[PDB]
Q: 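Quick one: structure below, then a few questions.
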Amino acid sequence: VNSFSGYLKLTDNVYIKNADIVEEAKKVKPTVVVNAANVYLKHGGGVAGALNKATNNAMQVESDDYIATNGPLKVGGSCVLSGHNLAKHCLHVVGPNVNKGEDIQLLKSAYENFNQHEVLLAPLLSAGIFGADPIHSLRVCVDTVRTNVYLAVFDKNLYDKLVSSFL
Ligand SMILES: Cc1ccc([C@@H]2C[C@@H](C)CCN2C(=O)c2ncnc3[nH]ccc23)o1
(Lines give C-alpha, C1' and ligand atoms only; values in the text may rest on other atoms or scores of the structure.)
Protein backbone atom coordinates (compact mmCIF):
# COMPACT_ATOMS: atom_id res chain seq x y z
CA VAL A 1 0.00 0.00 0.00
CA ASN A 2 1.21 3.53 -0.84
CA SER A 3 -0.18 7.08 -0.39
CA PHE A 4 -0.98 7.90 -4.04
CA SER A 5 -4.70 8.82 -4.25
CA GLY A 6 -7.28 9.28 -7.03
CA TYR A 7 -5.36 7.47 -9.80
CA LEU A 8 -6.96 5.40 -12.53
CA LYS A 9 -5.26 2.01 -12.91
CA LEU A 10 -4.19 1.37 -16.53
CA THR A 11 -2.20 -1.85 -16.05
CA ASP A 12 -0.69 -4.01 -13.33
CA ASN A 13 1.96 -1.33 -12.69
CA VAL A 14 0.91 1.95 -14.40
CA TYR A 15 -1.50 4.48 -12.88
CA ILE A 16 -2.62 7.89 -14.19
CA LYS A 17 -4.20 11.04 -12.76
CA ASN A 18 -5.10 14.55 -13.93
CA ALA A 19 -2.81 16.44 -11.57
CA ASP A 20 -0.12 19.09 -11.29
CA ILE A 21 3.04 17.06 -10.61
CA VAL A 22 4.35 19.87 -8.38
CA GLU A 23 1.26 19.78 -6.17
CA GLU A 24 1.21 15.99 -6.20
CA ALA A 25 4.87 15.87 -5.19
CA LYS A 26 4.27 18.42 -2.42
CA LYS A 27 1.45 16.28 -0.97
CA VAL A 28 2.83 12.78 -1.39
CA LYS A 29 6.56 13.41 -0.81
CA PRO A 30 7.34 10.40 -2.98
CA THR A 31 10.66 8.61 -2.79
CA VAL A 32 11.24 9.54 -6.46
CA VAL A 33 9.82 12.34 -8.61
CA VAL A 34 10.83 12.27 -12.28
CA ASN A 35 11.87 15.48 -14.01
CA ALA A 36 11.47 16.01 -17.76
CA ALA A 37 15.08 17.13 -18.06
CA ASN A 38 17.33 18.19 -20.91
CA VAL A 39 20.98 17.14 -21.26
CA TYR A 40 22.22 20.41 -19.72
CA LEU A 41 19.82 20.21 -16.75
CA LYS A 42 18.65 23.73 -17.65
CA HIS A 43 15.23 23.75 -16.01
CA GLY A 44 13.66 26.63 -17.91
CA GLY A 45 10.11 25.60 -18.68
CA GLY A 46 7.60 22.81 -18.91
CA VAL A 47 7.68 20.31 -16.07
CA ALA A 48 11.33 21.10 -15.31
CA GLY A 49 10.76 24.84 -15.00
CA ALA A 50 7.79 24.20 -12.72
CA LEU A 51 9.62 21.70 -10.49
CA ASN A 52 12.65 23.97 -10.24
CA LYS A 53 10.49 27.01 -9.39
CA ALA A 54 8.86 25.01 -6.59
CA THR A 55 12.36 24.38 -5.11
CA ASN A 56 13.12 28.14 -5.13
CA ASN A 57 15.87 27.43 -7.74
CA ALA A 58 17.73 24.97 -5.46
CA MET A 59 17.25 22.27 -8.11
CA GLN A 60 19.01 24.49 -10.68
CA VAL A 61 21.89 25.30 -8.31
CA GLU A 62 22.45 21.60 -7.60
CA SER A 63 22.13 20.77 -11.30
CA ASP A 64 24.71 23.37 -12.35
CA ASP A 65 27.24 21.81 -9.97
CA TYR A 66 26.39 18.34 -11.36
CA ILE A 67 27.02 19.48 -14.95
CA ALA A 68 30.22 21.32 -14.06
CA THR A 69 31.57 18.06 -12.59
CA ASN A 70 30.14 15.45 -14.97
CA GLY A 71 29.22 17.17 -18.23
CA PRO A 72 25.89 16.77 -20.01
CA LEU A 73 23.63 13.77 -19.84
CA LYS A 74 22.86 11.61 -22.88
CA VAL A 75 19.49 11.81 -24.62
CA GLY A 76 17.76 8.75 -23.17
CA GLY A 77 19.85 8.97 -20.00
CA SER A 78 19.29 10.09 -16.44
CA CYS A 79 20.83 11.06 -13.14
CA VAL A 80 19.61 10.93 -9.54
CA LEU A 81 19.80 14.19 -7.60
CA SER A 82 18.05 15.58 -4.54
CA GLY A 83 14.28 15.89 -4.49
CA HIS A 84 14.61 19.04 -2.35
CA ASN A 85 11.23 19.92 -0.80
CA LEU A 86 9.31 17.80 -3.32
CA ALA A 87 10.56 14.21 -2.88
CA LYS A 88 13.46 12.27 -1.43
CA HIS A 89 15.12 12.06 -4.86
CA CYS A 90 14.61 13.56 -8.29
CA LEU A 91 15.32 11.28 -11.24
CA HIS A 92 16.21 13.68 -14.07
CA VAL A 93 15.36 11.79 -17.29
CA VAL A 94 16.11 13.11 -20.78
CA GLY A 95 13.51 12.10 -23.33
CA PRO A 96 14.11 13.03 -26.97
CA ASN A 97 12.98 16.55 -27.89
CA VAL A 98 11.20 16.41 -31.25
CA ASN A 99 11.55 20.22 -31.54
CA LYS A 100 15.36 19.59 -31.67
CA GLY A 101 15.08 16.65 -34.14
CA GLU A 102 16.05 13.83 -31.71
CA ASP A 103 15.22 10.23 -32.48
CA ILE A 104 11.90 9.14 -30.97
CA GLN A 105 13.19 5.62 -30.58
CA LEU A 106 15.24 7.03 -27.70
CA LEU A 107 11.97 7.38 -25.78
CA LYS A 108 12.11 3.68 -24.84
CA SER A 109 15.67 4.08 -23.53
CA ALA A 110 14.50 7.09 -21.49
CA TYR A 111 11.69 5.10 -19.85
CA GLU A 112 14.07 2.21 -19.04
CA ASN A 113 15.62 4.47 -16.39
CA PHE A 114 12.38 4.16 -14.41
CA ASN A 115 13.03 0.43 -13.89
CA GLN A 116 15.85 1.25 -11.46
CA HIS A 117 13.24 2.57 -8.97
CA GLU A 118 10.47 0.54 -7.36
CA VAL A 119 7.93 3.42 -7.27
CA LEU A 120 7.94 6.79 -9.08
CA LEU A 121 5.80 9.87 -9.62
CA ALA A 122 6.39 10.97 -13.20
CA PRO A 123 5.21 13.00 -16.19
CA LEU A 124 4.86 11.55 -19.67
CA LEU A 125 8.34 11.72 -21.16
CA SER A 126 8.83 13.78 -24.32
CA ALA A 127 5.30 15.23 -24.02
CA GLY A 128 4.46 18.92 -23.72
CA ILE A 129 7.20 21.22 -25.00
CA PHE A 130 9.35 18.22 -25.98
CA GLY A 131 7.01 17.78 -28.94
CA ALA A 132 6.15 14.07 -28.97
CA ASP A 133 2.65 12.60 -29.16
CA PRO A 134 1.56 11.95 -25.54
CA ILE A 135 -0.54 8.95 -26.63
CA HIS A 136 2.65 7.38 -27.99
CA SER A 137 4.56 8.29 -24.84
CA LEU A 138 1.96 6.53 -22.68
CA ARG A 139 2.15 3.42 -24.88
CA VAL A 140 5.96 3.31 -24.60
CA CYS A 141 5.68 3.82 -20.84
CA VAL A 142 3.28 0.90 -20.41
CA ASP A 143 5.37 -1.35 -22.66
CA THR A 144 8.72 -0.44 -21.04
CA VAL A 145 8.31 0.37 -17.35
CA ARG A 146 7.88 -2.66 -15.09
CA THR A 147 8.11 -0.83 -11.75
CA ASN A 148 5.18 1.06 -10.25
CA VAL A 149 4.67 4.40 -11.98
CA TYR A 150 2.16 7.08 -11.06
CA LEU A 151 1.71 9.42 -14.02
CA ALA A 152 0.58 13.01 -13.48
CA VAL A 153 -0.99 14.71 -16.51
CA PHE A 154 -1.45 18.46 -16.05
CA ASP A 155 -3.97 19.06 -18.85
CA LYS A 156 -7.46 17.72 -18.11
CA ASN A 157 -8.38 17.60 -21.80
CA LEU A 158 -5.27 15.54 -22.53
CA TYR A 159 -5.85 13.27 -19.54
CA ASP A 160 -9.35 12.41 -20.76
CA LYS A 161 -8.01 11.71 -24.26
CA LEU A 162 -5.22 9.47 -22.95
CA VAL A 163 -7.70 7.41 -20.91
CA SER A 164 -10.37 7.18 -23.60
CA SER A 165 -7.88 6.04 -26.27
CA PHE A 166 -5.91 3.63 -24.06
CA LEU A 167 -5.74 0.08 -25.38
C1 LIG B 1 0.35 20.91 -24.90
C2 LIG B 1 0.75 20.55 -23.47
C3 LIG B 1 0.54 21.31 -22.33
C4 LIG B 1 1.08 20.61 -21.26
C5 LIG B 1 1.62 19.44 -21.77
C6 LIG B 1 2.34 18.32 -21.04
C7 LIG B 1 1.85 17.02 -21.65
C8 LIG B 1 0.44 16.72 -21.24
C9 LIG B 1 -0.01 15.35 -21.92
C10 LIG B 1 0.33 16.60 -19.77
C11 LIG B 1 0.79 17.88 -19.10
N12 LIG B 1 2.17 18.32 -19.54
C13 LIG B 1 3.24 18.70 -18.64
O14 LIG B 1 4.30 19.02 -19.07
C15 LIG B 1 3.03 18.65 -17.13
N16 LIG B 1 2.60 17.51 -16.59
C17 LIG B 1 2.40 17.40 -15.29
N18 LIG B 1 2.63 18.41 -14.48
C19 LIG B 1 3.08 19.60 -14.94
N20 LIG B 1 3.38 20.76 -14.29
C21 LIG B 1 3.79 21.67 -15.17
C22 LIG B 1 3.75 21.09 -16.43
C23 LIG B 1 3.30 19.76 -16.28
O24 LIG B 1 1.41 19.45 -23.09
Side-chain angles (χ1 to χ4, degrees), residues 1-38 41-55 59 75-76 78 83-100 102 104-167:
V1 174
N2 65 53
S3 142
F4 287 106
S5 175
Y7 288 73
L8 176 70
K9 182 171 180 59
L10 294 174
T11 68
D12 181 63
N13 65 298
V14 179
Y15 294 80
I16 195 166
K17 184 187 184 175
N18 174 215
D20 184 342
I21 192 173
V22 170
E23 279 320 299
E24 185 79 2
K26 280 199 292 188
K27 146 181 135 43
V28 175
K29 284 302 226 83
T31 305
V32 181
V33 66
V34 173
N35 182 33
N38 59 53
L41 302 179
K42 287 174 61 100
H43 308 304
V47 169
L51 291 171
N52 176 58
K53 179 178 178 186
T55 76
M59 178 181 284
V75 179
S78 70
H84 300 278
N85 54 316
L86 302 180
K88 187 176 196 299
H89 302 108
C90 179
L91 181 69
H92 294 273
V93 180
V94 184
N97 187 328
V98 176
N99 306 318
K100 306 178 174 172
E102 297 167 349
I104 195 59
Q105 301 295 138
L106 288 170
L107 186 54
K108 187 171 184 77
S109 301
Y111 274 116
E112 288 171 341
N113 295 286
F114 290 24
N115 290 320
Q116 300 295 318
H117 303 278
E118 288 189 357
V119 182
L120 315 87
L121 172 62
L124 286 167
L125 298 180
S126 297
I129 68 175
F130 282 61
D133 176 5
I135 294 171
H136 175 66
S137 182
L138 178 56
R139 187 78 254 167
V140 179
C141 181
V142 160
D143 293 342
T144 305
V145 181
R146 297 177 301 283
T147 55
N148 289 147
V149 57
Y150 290 84
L151 295 168
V153 177
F154 180 57
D155 189 68
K156 173 57 161 156
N157 188 294
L158 174 59
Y159 169 85
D160 287 347
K161 183 197 191 113
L162 286 166
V163 168
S164 292
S165 61
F166 184 70
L167 223 197

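This chain uses plain numbering: 1 for the first residue, then up along the sequence.
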Q: Is any side-chain heavy atom of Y111 closer than 4.5 Å to one of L124?
A: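 Yes - at least one pair of side-chain heavy atoms lies under 4.5 Å apart.
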Q: Check this for me: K17, atom NZ, are more than 12 non-hydrogen atoms of other residues, nucleotides or ligands nearer than 6.0 Å?
A: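 Atom NZ in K17 is packed in, count exceeds 12.
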Q: Do side-chain atoms of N99 reach the backbone of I129 as a donor and acceptor pair under 3.5 angstrom?
A: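 Checked: pair present.
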Q: Check the orientation of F4 and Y150. Use parallel for under 30°, tilted for 30 to 60°, and perpendicular for over 60°.
A: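 Correct class here is parallel.
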Q: With rounding to the nearest 0.5 Å, note down the distance linking NZ in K108 to CZ in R139.
A: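 The NZ atom of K108 sits 10.5 Å away from the CZ atom of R139.
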Q: Enter the distance from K27:NZ to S5:OG here, rounded to the nearest 0.5 Å.
A: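 Those atoms lie 5.0 Å apart.
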Q: Which heavy atom of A37 sits nearest to which heavy atom of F130, and what is that distance?
A: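 Answer, listing the atom of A37 first, then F130: O-CZ, 3.4 Å.
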Q: Can any side-chain N or O of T147 pair as donor or acceptor with the backbone N or O of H117 at less than 3.5 Å?
A: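 Such a contact is found between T147 side chain and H117 backbone.
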Q: Just verifying a value: how many Å separate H136 NE2 and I104 CD1, rounded to the nearest 0.5 Å?
A: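 Spacing of NE2 (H136) from CD1 (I104) equals 4.5 Å.
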Q: Quick one: are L121 and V34 in side-chain contact, heavy atoms under 4.5 Å?
A: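 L121 does not reach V34 side chain to side chain.
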Q: In Å and rounded to the nearest 0.5 Å, what is the CG to OH distance from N2 to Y7?
A: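 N2 atom CG to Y7 atom OH measures 9.0 Å (nearest 0.5 Å).
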Q: Quick check: does any side chain N or O of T144 sit under 3.5 Å from a backbone N or O of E112, one acting as donor and the other as acceptor?
A: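 Not confirmed, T144 side chain does not pair with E112 backbone.
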Q: Could you list all the side-chain hydrogen bond (donor to acceptor under 3.5 Å, both in side chains) pairs where at least one residue sits in residues 155-167, not counting sequence neighbours?
A: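 Output for this query lists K156-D160.
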Q: Looking at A25 and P30, what are the two nearest heavy atoms and their distance?
A: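 So the minimum-distance heavy-atom pair works out to O-CD, 3.6 Å.
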Q: Quick check on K53: does its NZ atom have over 12 non-hydrogen neighbours (other residues, nucleotides or ligands) under 6.0 Å away?
A: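 Not more than 12 within 6.0 Å, no.
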Q: Sequence neighbours excluded, which residues qualify as side-chain hydrogen bond (donor to acceptor under 3.5 Å, both in side chains) partners of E102?
A: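 By the side-chain hydrogen bond (donor to acceptor under 3.5 Å, both in side chains) rule, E102 matches no residue at all.
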Q: Measuring only between side-chain heavy atoms, which start at C-beta, is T31 closer than 4.5 Å to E118?
A: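 No - every pair of side-chain heavy atoms lies 4.5 Å or more apart.
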Q: Could you tell me if the side chain of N35 sits less than 4.5 Å from the side chain of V47, heavy atoms only?
A: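 In contact.
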Q: At what distance, to the nearest 0.5 angstrom, does CD1 of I21 lie from NZ of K26?
A: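 Reported to 0.5 Å precision, the distance equals 13.0 Å.
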Q: Can you tell me how far apart NZ (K9) and OG1 (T11) are? Round to the nearest 0.5 Å.
A: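 Taking NZ in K9 and OG1 in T11, the distance rounds to 6.0 Å.
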Q: Considering non-hydrogen atoms only, spot the tightest contact between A127 and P134 and give its length.
A: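 Shortest heavy-atom separation between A127 and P134 comes out as CB-CB, 4.2 Å.
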Q: Over all heavy atoms of both residues, which pair between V153 and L162 is shortest? Give the atoms and the distance, please.
A: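 Distance-wise, the nearest heavy atoms are CG2-CD1, 3.9 Å.
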